[PDB]
$ cat final_18.json   # JSON, C-alpha atoms and all ligand atoms
[["chain", "number", "residue", "atom", "x", "y", "z"],
["A", 1, "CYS", "CA", -6.21, -6.00, 13.28],
["A", 2, "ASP", "CA", -5.17, -9.58, 12.46],
["A", 3, "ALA", "CA", -7.69, -10.97, 9.88],
["A", 4, "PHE", "CA", -5.11, -9.29, 7.67],
["A", 5, "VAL", "CA", -2.38, -11.57, 8.90],
["A", 6, "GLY", "CA", -0.74, -13.84, 6.38],
["A", 7, "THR", "CA", 1.06, -13.78, 3.03],
["A", 8, "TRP", "CA", -0.62, -12.13, 0.02],
["A", 9, "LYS", "CA", 0.09, -12.16, -3.73],
["A", 10, "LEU", "CA", -1.03, -9.50, -6.18],
["A", 11, "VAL", "CA", -3.44, -11.08, -8.66],
["A", 12, "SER", "CA", -5.05, -8.10, -10.40],
["A", 13, "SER", "CA", -4.62, -4.37, -10.81],
["A", 14, "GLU", "CA", -6.59, -1.50, -12.36],
["A", 15, "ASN", "CA", -5.59, 2.12, -12.95],
["A", 16, "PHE", "CA", -2.36, 1.83, -10.94],
["A", 17, "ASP", "CA", -0.29, 3.58, -13.56],
["A", 18, "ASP", "CA", -2.72, 6.55, -13.50],
["A", 19, "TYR", "CA", -2.52, 6.40, -9.71],
["A", 20, "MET", "CA", 1.29, 6.56, -9.69],
["A", 21, "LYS", "CA", 1.23, 9.31, -12.30],
["A", 22, "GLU", "CA", -1.17, 11.47, -10.23],
["A", 23, "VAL", "CA", 0.95, 10.92, -7.11],
["A", 24, "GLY", "CA", 3.90, 12.18, -9.06],
["A", 25, "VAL", "CA", 5.95, 9.08, -9.73],
["A", 26, "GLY", "CA", 8.38, 9.53, -12.68],
["A", 27, "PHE", "CA", 8.00, 7.35, -15.75],
["A", 28, "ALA", "CA", 10.95, 5.08, -14.99],
["A", 29, "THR", "CA", 9.72, 4.17, -11.61],
["A", 30, "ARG", "CA", 6.22, 3.78, -13.11],
["A", 31, "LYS", "CA", 7.39, 1.24, -15.64],
["A", 32, "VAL", "CA", 9.12, -1.08, -13.24],
["A", 33, "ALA", "CA", 6.55, -0.65, -10.42],
["A", 34, "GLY", "CA", 3.53, -1.13, -12.68],
["A", 35, "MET", "CA", 4.94, -4.48, -13.91],
["A", 36, "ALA", "CA", 5.76, -5.69, -10.38],
["A", 37, "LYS", "CA", 3.71, -8.49, -8.86],
["A", 38, "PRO", "CA", 4.62, -8.09, -5.20],
["A", 39, "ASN", "CA", 3.94, -10.23, -2.22],
["A", 40, "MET", "CA", 2.42, -8.41, 0.73],
["A", 41, "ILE", "CA", 3.35, -10.03, 4.05],
["A", 42, "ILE", "CA", 1.41, -8.81, 7.06],
["A", 43, "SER", "CA", 2.19, -9.72, 10.66],
["A", 44, "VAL", "CA", 1.23, -8.47, 14.09],
["A", 45, "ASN", "CA", 3.02, -8.41, 17.46],
["A", 46, "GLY", "CA", 0.84, -6.81, 20.13],
["A", 47, "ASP", "CA", 0.32, -3.22, 19.12],
["A", 48, "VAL", "CA", 2.98, -3.26, 16.39],
["A", 49, "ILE", "CA", 1.72, -4.32, 12.94],
["A", 50, "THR", "CA", 4.44, -4.98, 10.29],
["A", 51, "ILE", "CA", 3.68, -4.95, 6.52],
["A", 52, "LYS", "CA", 6.37, -5.92, 3.93],
["A", 53, "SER", "CA", 6.01, -5.79, 0.15],
["A", 54, "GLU", "CA", 8.62, -7.78, -1.65],
["A", 55, "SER", "CA", 9.25, -7.69, -5.41],
["A", 56, "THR", "CA", 12.20, -7.67, -7.86],
["A", 57, "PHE", "CA", 11.35, -4.00, -8.33],
["A", 58, "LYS", "CA", 11.97, -3.10, -4.64],
["A", 59, "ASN", "CA", 11.43, -4.54, -1.15],
["A", 60, "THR", "CA", 9.71, -2.20, 1.35],
["A", 61, "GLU", "CA", 8.69, -2.43, 4.94],
["A", 62, "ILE", "CA", 6.71, -0.54, 7.54],
["A", 63, "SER", "CA", 6.01, -1.18, 11.19],
["A", 64, "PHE", "CA", 3.60, 0.94, 13.22],
["A", 65, "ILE", "CA", 1.07, 1.40, 15.94],
["A", 66, "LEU", "CA", -2.53, 2.17, 14.97],
["A", 67, "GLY", "CA", -3.07, 5.84, 15.37],
["A", 68, "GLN", "CA", 0.55, 6.87, 15.69],
["A", 69, "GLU", "CA", 2.05, 8.99, 12.93],
["A", 70, "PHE", "CA", 5.41, 7.78, 11.60],
["A", 71, "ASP", "CA", 7.91, 8.78, 8.92],
["A", 72, "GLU", "CA", 7.90, 6.62, 5.78],
["A", 73, "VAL", "CA", 10.14, 6.28, 2.76],
["A", 74, "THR", "CA", 8.05, 4.97, -0.16],
["A", 75, "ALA", "CA", 9.09, 2.64, -2.95],
["A", 76, "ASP", "CA", 9.04, 5.85, -5.02],
["A", 77, "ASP", "CA", 11.30, 7.64, -2.53],
["A", 78, "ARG", "CA", 8.74, 10.05, -1.18],
["A", 79, "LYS", "CA", 9.25, 11.15, 2.41],
["A", 80, "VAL", "CA", 5.79, 11.23, 3.79],
["A", 81, "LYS", "CA", 4.00, 11.41, 7.05],
["A", 82, "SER", "CA", 1.97, 8.17, 7.44],
["A", 83, "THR", "CA", -1.04, 7.57, 9.70],
["A", 84, "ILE", "CA", -2.74, 4.14, 9.77],
["A", 85, "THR", "CA", -6.02, 3.38, 11.63],
["A", 86, "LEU", "CA", -8.57, 0.57, 11.75],
["A", 87, "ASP", "CA", -11.99, 1.83, 10.66],
["A", 88, "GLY", "CA", -14.92, -0.66, 10.45],
["A", 89, "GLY", "CA", -12.49, -3.46, 9.85],
["A", 90, "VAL", "CA", -10.71, -1.45, 7.16],
["A", 91, "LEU", "CA", -7.04, -0.49, 7.52],
["A", 92, "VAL", "CA", -6.80, 3.14, 6.42],
["A", 93, "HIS", "CA", -3.34, 4.30, 5.65],
["A", 94, "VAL", "CA", -2.77, 8.00, 4.98],
["A", 95, "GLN", "CA", 0.34, 9.55, 3.60],
["A", 96, "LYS", "CA", 0.92, 13.30, 3.73],
["A", 97, "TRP", "CA", 3.73, 15.21, 2.13],
["A", 98, "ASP", "CA", 4.11, 18.67, 0.65],
["A", 99, "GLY", "CA", 0.53, 19.56, 1.48],
["A", 100, "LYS", "CA", -0.66, 16.63, -0.65],
["A", 101, "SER", "CA", -2.33, 13.50, 0.60],
["A", 102, "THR", "CA", -3.03, 10.06, -0.72],
["A", 103, "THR", "CA", -5.24, 7.34, 0.86],
["A", 104, "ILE", "CA", -4.62, 3.58, 0.89],
["A", 105, "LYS", "CA", -7.38, 1.30, 2.24],
["A", 106, "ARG", "CA", -6.74, -2.40, 2.77],
["A", 107, "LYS", "CA", -9.80, -4.59, 3.29],
["A", 108, "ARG", "CA", -10.60, -8.27, 3.54],
["A", 109, "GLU", "CA", -13.31, -9.46, 1.13],
["A", 110, "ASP", "CA", -14.20, -13.09, 0.95],
["A", 111, "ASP", "CA", -10.68, -14.47, 0.65],
["A", 112, "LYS", "CA", -9.17, -11.45, -1.04],
["A", 113, "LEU", "CA", -7.12, -8.65, 0.35],
["A", 114, "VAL", "CA", -8.43, -5.60, -1.54],
["A", 115, "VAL", "CA", -6.42, -2.47, -1.92],
["A", 116, "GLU", "CA", -7.91, 0.87, -2.91],
["A", 117, "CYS", "CA", -5.46, 3.64, -3.72],
["A", 118, "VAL", "CA", -6.78, 7.14, -4.04],
["A", 119, "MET", "CA", -5.12, 10.33, -5.25],
["A", 120, "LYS", "CA", -7.16, 13.37, -6.22],
["A", 121, "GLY", "CA", -9.61, 12.00, -8.81],
["A", 122, "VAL", "CA", -7.77, 8.78, -9.42],
["A", 123, "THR", "CA", -8.76, 5.50, -7.80],
["A", 124, "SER", "CA", -6.77, 2.36, -8.33],
["A", 125, "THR", "CA", -7.92, -0.99, -7.07],
["A", 126, "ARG", "CA", -5.56, -3.93, -6.38],
["A", 127, "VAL", "CA", -6.39, -7.53, -5.38],
["A", 128, "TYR", "CA", -4.15, -9.89, -3.51],
["A", 129, "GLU", "CA", -4.92, -13.57, -2.70],
["A", 130, "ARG", "CA", -3.19, -15.93, -0.23],
["A", 131, "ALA", "CA", 0.00, -17.48, -1.64],
["A", 201, "LIG", "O1", -0.04, -2.91, -4.15],
["A", 201, "LIG", "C1", 0.94, -2.18, -3.61],
["A", 201, "LIG", "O2", 1.85, -2.79, -3.07],
["A", 201, "LIG", "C2", 0.88, -0.69, -3.51],
["A", 201, "LIG", "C3", -0.21, -0.16, -2.82],
["A", 201, "LIG", "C4", -0.38, 1.20, -2.63],
["A", 201, "LIG", "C5", 0.51, 2.17, -3.11],
["A", 201, "LIG", "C6", 1.63, 1.74, -3.79],
["A", 201, "LIG", "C7", 2.76, 2.42, -4.44],
["A", 201, "LIG", "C8", 3.57, 1.31, -5.00],
["A", 201, "LIG", "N1", 3.01, 0.10, -4.71],
["A", 201, "LIG", "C9", 3.52, -1.19, -5.18],
["A", 201, "LIG", "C10", 4.77, -1.76, -4.57],
["A", 201, "LIG", "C11", 5.36, -1.18, -3.47],
["A", 201, "LIG", "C12", 6.52, -1.74, -2.95],
["A", 201, "LIG", "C13", 7.07, -2.89, -3.52],
["A", 201, "LIG", "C14", 6.47, -3.47, -4.63],
["A", 201, "LIG", "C15", 5.31, -2.91, -5.16],
["A", 201, "LIG", "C16", 1.87, 0.29, -4.02],
["A", 201, "LIG", "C17", 4.85, 1.61, -5.76],
["A", 201, "LIG", "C18", 5.33, 3.04, -5.48],
["A", 201, "LIG", "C19", 4.25, 4.13, -5.45],
["A", 201, "LIG", "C20", 3.08, 3.89, -4.51]]

$ encode --input "final_18.json" --output "C-alpha cells"
Amino acid sequence: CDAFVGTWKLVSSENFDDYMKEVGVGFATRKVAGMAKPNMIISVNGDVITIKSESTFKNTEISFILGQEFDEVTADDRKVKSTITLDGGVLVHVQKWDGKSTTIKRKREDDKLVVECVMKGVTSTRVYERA
C-alpha cells in the first residue's frame, strides 16, 4: 500500500475520548492524548511500511510487513500483539492484548486519510489531511 504515503495532519476527531476510555486508558493519558493534534507520517520501503505519529504528547513509530504479527508498545503503554493487512484498499490494524482486541482502519477518501477506531461498542472517527 502506498496511496497512503505522505505526511498527514489531524483535522477532526469524534468520540476519541470514549474510545480511549473503553480501551482502558487512564484519565491523565486521556487528557493529554485527546488534546493532541498529531502528524501521521507514512512511508514504504519494499515490504516494510513505516508509520510515525508525532505530537507534543508523545512520538510513536511502527514498522511492519503486511500480514506479519509484531509486538507494539502503544502511546498508552499497552503491550499488544499487532497485525496489519490491506483489505480492499483499507489498512486494517489489529491489536490484541489480554484477550481484548481493538481495530484501527486507515482509508483514503477523496484527499483525506480517514481513521476508524473501534473498541467494543465504541467507534471513533479521525480525519487527517495532507500538511
Ligand atoms: O489518530 C491517532 O493517531 C490514533 C489512532 C488510533 C488509536 C490511537 C490511540 C492514540 N492515538 C493518538 C496518538 C498516538 C500517538 C501519538 C499522538 C497521538 C491514536 C493515543 C493512545 C491510545 C490509542

$ residues_around --input "final_18.json" --residues "segment 113-116 of chain A" --least-positions-apart "5" --cutoff "10 Å" --atoms "all atoms listed in the file" --output "tab-separated table (two decimals) with C-alpha atoms, in the coordinates of the input"
chain	number	residue	atom	x	y	z
A	3	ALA	CA	-7.69	-10.97	9.88
A	4	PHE	CA	-5.11	-9.29	7.67
A	8	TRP	CA	-0.62	-12.13	0.02
A	9	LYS	CA	0.09	-12.16	-3.73
A	10	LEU	CA	-1.03	-9.50	-6.18
A	12	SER	CA	-5.05	-8.10	-10.40
A	13	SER	CA	-4.62	-4.37	-10.81
A	14	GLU	CA	-6.59	-1.50	-12.36
A	16	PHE	CA	-2.36	1.83	-10.94
A	40	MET	CA	2.42	-8.41	0.73
A	90	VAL	CA	-10.71	-1.45	7.16
A	91	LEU	CA	-7.04	-0.49	7.52
A	92	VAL	CA	-6.80	3.14	6.42
A	103	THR	CA	-5.24	7.34	0.86
A	104	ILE	CA	-4.62	3.58	0.89
A	105	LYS	CA	-7.38	1.30	2.24
A	106	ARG	CA	-6.74	-2.40	2.77
A	107	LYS	CA	-9.80	-4.59	3.29
A	108	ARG	CA	-10.60	-8.27	3.54
A	123	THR	CA	-8.76	5.50	-7.80
A	124	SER	CA	-6.77	2.36	-8.33
A	125	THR	CA	-7.92	-0.99	-7.07
A	126	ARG	CA	-5.56	-3.93	-6.38
A	127	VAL	CA	-6.39	-7.53	-5.38
A	128	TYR	CA	-4.15	-9.89	-3.51
A	129	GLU	CA	-4.92	-13.57	-2.70
A	130	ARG	CA	-3.19	-15.93	-0.23

$ atom_distance --input "final_18.json" --atom1 "atom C6 of ligand LIG 201 (chain A)" --atom2 "atom CA of residue 75 of chain A"
7.6 Å

$ closest_residue --input "final_18.json" --among "A:97, A:19, A:27, A:64" --to "ligand LIG 201 (chain A)" --atoms "all atoms listed in the file"
A:19

$ closest_residue --input "final_18.json" --among "A:15, A:39, A:7, A:59" --to "residue 122 of chain A" --atoms "all atoms listed in the file"
A:15

$ closest_residue --input "final_18.json" --among "A:77, A:62, A:100, A:29" --to "residue 48 of chain A" --atoms "all atoms listed in the file"
A:62

$ atom_distance --input "final_18.json" --atom1 "atom CA of residue 2 of chain A" --atom2 "atom CA of residue 41 of chain A"
12.0 Å

$ residues_around --input "final_18.json" --residues "residue 42 of chain A" --least-positions-apart "4" --cutoff "8 Å" --atoms "only C-alpha atoms" --output "PyMOL selection string"
chain A and resi 4-7+49-52

$ closest_residue --input "final_18.json" --among "A:95, A:43, A:101, A:55" --to "residue 74 of chain A" --atoms "all atoms listed in the file"
A:95

$ closest_residue --input "final_18.json" --among "A:20, A:32, A:93, A:11" --to "residue 78 of chain A" --atoms "all atoms listed in the file"
A:20

$ closest_residue --input "final_18.json" --among "A:87, A:35, A:82, A:25" --to "residue 56 of chain A" --atoms "only C-alpha atoms"
A:35

$ atom_distance --input "final_18.json" --atom1 "atom CA of residue 45 of chain A" --atom2 "atom CA of residue 57 of chain A"
27.5 Å

$ residues_around --input "final_18.json" --residues "residue 71 of chain A" --least-positions-apart "5" --cutoff "9 Å" --atoms "all atoms listed in the file" --output "ChimeraX atom specification"
/A:79-82
